[PDB]
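Student: Pasting in a structure now, in structure tokens, and then I'll have a few things to ask.
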DNA sequence: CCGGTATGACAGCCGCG
DNA sequence: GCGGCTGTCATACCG
């Protein structure tokens, strides 16, 4: 097997590596690595090393890393450039592994653990770690076992041993519903005192030292609590043993608001699943607690207990231990579904970085490019501490707030990556500049042609058409690998079809699955002697065909993620290949591309419909245009179509045959006008919107920029049997909007587009009467709690104090003295409720932590004073007028027509 | 260490017989 | 004060 790294660290003049060797064993080694940095040299001096600009460089080899970094410092103090990879870990990875890394996850120790800490005085702060750790459940991926460490005696109670018999029983049989899947995998270890527990867990830690450390909030709680607990009882030297290299660092992470501290454990890659979820899930959640995310992903019911957390070990220790195990297991079930760990491994090895760096698009691309350039014997440029200034961005069209019956959308393919390739945008390819005219003049093509020899962007940038740019080449590569892994996935899909027919007529003798590649599809030379084989062997040849089929998509997804993350990296000042003018070029071209095609789509549709000057494109956002298909329908009449599906077919056929080539011809003209290297503005039909045929619905409406709703029938050649609502930017798609309200507004939107005015009025009328019977959680708004102390003046709302903050300061007055009550942590989101005049609180709102039921100390009175009428107006009625006034509909039986004009 | 533009809510300011 | 208008802040969205 091929050798691969696990963790990599720099300590002083030696790098510390953990790795799997040629025999599958986990090994560690200190290396006094000899790095190589690069300086500018005269022409006459010959080497094979050149920078990205094609300028000669001399490889300067250092004895140790101290000397290397001391030299960079000296180059700064005078005004010269120090070329090469300054991050010596990365340069080491590339040297030890100068080939395509193929990893085996089975050999990688992935640990996820969760601790329990009984704390009667509120949340147990990890910095102090003053309370005994009374439970640790530690799962090891290699062992496939759960290791349970259970404290039996503490200041907070003497408890009996946890029973694995009871833990298996049904909820109505004695509690604890630990699944059969993991019951055989639990290893239970009770302890007489805390010192024995921590010491045994630290010995356990030495034996099964995690390479990847995961869990929920593990970096902000579990790690720093365990480390500080051991440090305070035993000492720093004992606590530092959590690092296999015996080195730890206390790191202070600071946001734009607030500050906290984490512990770095050199020799361990920490992938907190909360951070892993937040980055890769691509959906904002009202709460980021484990129980809420588990509910979302796994559909698993509420993990319920009796009383508060701080009294659960004392009252039901059996349930206390079981809920610590399930908590670990939930993170395991989520990973089984989303694969965010395998993905972060697959991306990390591909780029040849340390796995924690995949949280940073910067570090990843910095290494992928570094790897390719290293083969070319090319030298990477120096990082320059560029200042921060926001460059211009995407174009968004202002839409007329109206109803729109029929809409066809058209989206461009990977717009920004495509722009980079089309114009050849890269640091070294910057050819020159030209005097620019207003963007409009380029959109309308009246301004003189920018250049006869160079590839151009509307911001005044010129790029060589003959050079192959470092950035564009590298993104073409990833684009090609994505394209190549279709030739592996679909190739297995061709082979997966003739298995059910192969097993339909088999002949058994000897199980002989001959070695033939699944990535490259089978030919008639192999297909002839593969169907007459054994019946039992066909199952294994299908099992490995499915293995390759998923593996093809797994790598394919990682390429798209890499594609989509490039632009953001190029726009980041801390990026090695960052250039202000280049990022401006990517974006301004996009501004042109969208408006250019808008101008072309209108001109084309005017010619075919006979009219002149009418606006067919209603809305355009970044890479997508929206076209009103009203006149196209009216051209053949609505009553001529039999069913809904018959007019969806018509617009689909029209887009395909008539509109696509018009779009295609328009962009080719733009490529020539700009003198670009390659035409890559491919725009294909996205969505087809409209009401049911013979119905009083409106089909779609806009209220403003980034706020619209459509009734979709087809999305890229896929016909929905039942129509889907594509709501974008409206309240129903916002995390702030209450749950019951969220669904009721969506239903109002559904009744608008599909059923008409009369139906909307009927639903709204009744949702008034039974509004008060709905759950109080489903009618509370959600907001992030930031800068609470900034507006806090002795527990009182200060100058310019927000509404959600005003609720937290009413909450603090309500929990006055009670250290048992749940706390509002800054950064964490909170539920918001309004309460009427005459309330026994002070202000007019109250806010409690999100994802939880409000405490019994105030639920007695809050569920009594909360103003529904104000809540009905603020969260439901006001947003509804937003929709209805824009759609030209009325939600209420009789409204005056005059109450729409601004008047005197 | 991946620009654009919406709504809610507050506070300054101007003219308000 | 009572609305209107506008700058600001905070939050959360669209690509």
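Student: So, in Å, what gap is there between the alpha-carbon centers of segment A:637-658 and segment A:745-772?
Tutor: The distance from the Cα centre of segment A:637-658 to that of segment A:745-772 comes to 29 Å.
Student: Roughly speaking, what is the stretch gain from residue A:535 to residue A:394, that is 0.36 nm per residue apart minus the C-alpha to C-alpha distance, in nm to one decimal?
Tutor: Gain in length upon complete extension: 44.9 nm.
Student: Here is a further query. For segment A:279-357, compute Rh as the Kirkwood radius over C-alpha pairs and then the Stokes-Einstein diffusion coefficient at 37 °C and 0.692 mPa s; write the answer in µm²/s, rounded to an integer.
Tutor: 220
Student: Using alpha-carbon pairs under 8 Å, 6+ residues apart, how would you state the relative contact order of chain A in percent?
Tutor: Relative contact order for chain A comes out at 11 percent.
Student: Under a no-solvent Debye model with one identical scatterer per Cα of segment A:411-570, what's log10 I(q)/I(0) at q = 0.11, 0.12, 0.17, 0.20 Å⁻¹?
Tutor: Log10 I(q)/I(0), no solvent term: -0.64, -0.69, -0.98, -1.18.
Student: Still on this model: For segment A:107-339, what proportion of DSSP beta bridges, expressed in % and rounded to the nearest 5, is antiparallel?
Tutor: Counting DSSP beta bridges with both partners in segment A:107-339, the antiparallel share is about 65 percent.
Student: Right, another one. Order the peptides A:170-180, A:582-592 from the highest to the lowest mean number of other Cβ atoms within 10 Å of their residues.
Tutor: Highest to lowest by the protection proxy: A:582-592, A:170-180.
Student: Sorted by average packing, counted as other Cβ atoms within 10 angstrom per residue and highest first, what order do A:456-464, A:536-544 take?
Tutor: Ranking, from highest mean packing down: A:456-464, A:536-544.
Student: I've got another one for you. Compute the length gained on full extension between residue A:202 and residue A:602: take 0.36 nm times their separation in residues and subtract their Cα-Cα distance, giving the result in nm to one decimal.
Tutor: 137.0 nm
Student: Okay, next question. Quick one: Cα centre-to-centre distance for segment A:888-902 and segment A:784-822, in angstrom?
Tutor: Cα centroid of segment A:888-902 versus Cα centroid of segment A:784-822: 40 Å apart.
Student: Would you mind giving the three semi-axes, in whole Å and largest first, of the ellipsoid equivalent to segment A:136-276 according to its Cα gyration tensor?
Tutor: Here the semi-axes work out to 29, 19, 16 Å.
Student: May I ask for the equivalent-ellipsoid semi-axes of segment A:788-903, computed as the square root of five times each C-alpha gyration tensor eigenvalue and listed largest first in whole Å?
Tutor: Working from the Cα gyration tensor, I get semi-axes of 34, 16, 13 Å.
Student: Sorting A:330, A:384 on the 10 Å Cβ count, fewest up front, what's the list?
Tutor: Listed from fewest to most nearby Cβ atoms, that is A:384, A:330.
Student: Of all DSSP beta bridges in segment A:77-222, what percent run antiparallel (nearest 5)?
Tutor: Looking only at bridges with both residues in segment A:77-222, the antiparallel portion is about 60 percent.
Student: How many percent of DSSP beta bridges within chain A run antiparallel, rounded to 5?
Tutor: So the antiparallel bridges amount to about 90 percent of the total.
Student: For A:748, A:41, what's the fewest-to-most ordering of other Cβ within 10 Å of each Cβ?
Tutor: A:41, A:748
Student: Expected output is a single nm value to one decimal: the length gained when fully extending between residue A:898 and residue A:253, i.e. 0.36 nm times separation in residues minus the C-alpha distance. What is it?
Tutor: Contour length minus the Cα-Cα distance gives 226.6 nm.
Student: Fewest to most neighbouring Cβ within 10 Å: what's the order for A:549, A:853?
Tutor: A:853, A:549
Student: When you count, for each residue, the other Cβ atoms within 10 Å and take the mean per peptide, how do A:84-95, A:564-575, A:228-239 rank with the highest first?
Tutor: Answer by packing, highest mean first, reads A:84-95, A:564-575, A:228-239.
Student: Between residue A:232 and residue A:47, what is the label-to-label distance in nm when each label sits 7 Å out along the Cα-to-Cβ direction?
Tutor: About 5.4 nm, to one decimal.
Student: For chain A, what does the convex hull of the Cα positions come to per residue, in cubic angstrom?
Tutor: It is 252 Å³ per residue.
Student: Can you give me the Cα centroid spacing of segment A:333-377 and segment A:380-435 in angstrom?
Tutor: Each part's Cα centre sits 25 Å from the other's.
For neighbour counting, all protein chains shown are included, and Cβ atoms are generated from backbone atoms with ideal geometry for every residue, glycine included. Values in this text are rule-based calculations from the coordinates and carry no lab data.
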